[PDB]
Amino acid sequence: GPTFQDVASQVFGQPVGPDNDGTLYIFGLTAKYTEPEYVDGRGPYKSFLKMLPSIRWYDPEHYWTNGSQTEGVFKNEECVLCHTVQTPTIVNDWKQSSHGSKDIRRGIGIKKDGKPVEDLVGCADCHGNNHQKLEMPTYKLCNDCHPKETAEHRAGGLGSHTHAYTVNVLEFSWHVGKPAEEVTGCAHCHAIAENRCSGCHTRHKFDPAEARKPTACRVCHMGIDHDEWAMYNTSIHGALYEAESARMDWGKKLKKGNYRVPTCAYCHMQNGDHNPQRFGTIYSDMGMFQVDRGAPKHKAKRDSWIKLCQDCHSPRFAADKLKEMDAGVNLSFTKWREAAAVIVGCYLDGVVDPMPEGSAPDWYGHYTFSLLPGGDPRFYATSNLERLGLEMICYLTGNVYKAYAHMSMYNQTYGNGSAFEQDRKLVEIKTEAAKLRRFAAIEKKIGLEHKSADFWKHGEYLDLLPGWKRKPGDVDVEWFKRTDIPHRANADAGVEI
């Protein structure tokens, strides 16, 4: 029989066709989805995880191959001469870097294989000399000459740059649960943080002064999932950054007394430490887990933060501000616990629409409520009630912590990720629960047997989800057995983590 596309075609007078043939499809109505070319993904879900081939740039050790049309073995100077014409800005950047200009070097004492690096570090030194065997580097290259910074970059725990891709892309439910082309940006954002040294001081200038600015962090550290850029920007610190950025001296090292206005790097890469996670009190899954950072057991961490603030403030003032965070965070969890009780209550009474068996299976292949143990908390392919629940804990409750940590008066109270947004979300959740309960009570009284709509279970997008494909023995548990990396507590991990 006719598909949606077939019917649309008959009404609009545009033939059905493949999405990728170049036709301009009116409202995309008569286009058929085609699977892009994929490569196999890595990690514990390698049996079905895919990536677009462009993963070559971000996990080059496992995916990089020669794809150049230019042949020859060249000297550094020859790289520069041709690329001056062919990719001019790369050469301009490099000429303005310490690698390509001795005049701006600071005599740091850089060594390779125990010997001082006194020459230019040219294109060929990083990419190789043979244009048919060019190399696309990771931090492994930089380690040859910058071992201190690399060791620190590799010193973080789960939730740090160190494992952002290897663990928190390849094991993450929201990534593995979706078609590869939908989440390319997830792989790359997290992979840039882990595998590269250019997330903060970009190629090819590699300028530490650039890395000190909030712009070195905010492309990644933003949004409803983790809104720390907005929290910082809407603090007095952030306003002063905007006011002073144009005329302040960004060439000064991150040190006590060198800056009036603190930035992300100042507070988190203290004294140039390339393991920024380590200053945090404790990893809390972005504030979705509740912890009082002002409790006696965390005194050393709290005192360390107070001393950091004391670069520019009374320590009594700083202590008071961090206590406001503790108090505000603890109040915020009362609203989440209210939400959770309402939501789980609906599931236990069997009034959620759809119920889990009425939806597509989750990415484990289970028909399991998303906000119970063993489920997959999410915002997609689930009930409205479960969506709103996820929004409450992740987008709002987590960000209340971020608002307090960064001194955003407005976002603690009124704004995005605030107390008052929590209030409004709680009203939304209760509203959904109330509607569900009223429908169920009416249907019971009149003897109407409600069946959840088929659109909760099947559709052009829902039919693409990996939950449909899951089968016994499709998990690489040897990956989860690894002890050289941490792991996520996934329901199908199959082993101790």
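Numbers for residues come from their place in the sequence shown, where the first is 1. Rigid core: the largest C-alpha set superposing within 1.5 Å between the two forms.
- The higher RMS C-alpha distance to the shown form in 4 other deposited structures of this protein, out of 315-323 and 221-229, belongs to 221-229, with every structure fitted on the core.
- On average the C-alpha atoms of 94-102 have higher B-factors than those of the other stretch, with 229-237 and 94-102 being the two compared.
- Here the stretch with the larger average CA B-factor, out of 115-123 and 188-196, is 115-123.
- Comparing C-alpha B-factors across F317, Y401, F74, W305 in the deposited entry, the largest value falls on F74.
- Highest CA B-factor among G272, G417, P356, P214, as stated in the entry: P356.
- When the modelled residues of the chain are ordered by C-alpha B-factor, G345 sits in the highest third.
- Remark: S284 belongs to the middle third of its chain, ranked by C-alpha B-factor as recorded.
- Among the modelled residues of the chain, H313 sits in the lowest third by CA temperature factor in this PDB entry.
- Among all modelled residues in this chain, the alpha-carbon of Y367 has a temperature factor (C-alpha) in the highest third.
- Ranked within its chain, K297 lands in the highest third, by CA B factor from the PDB record.
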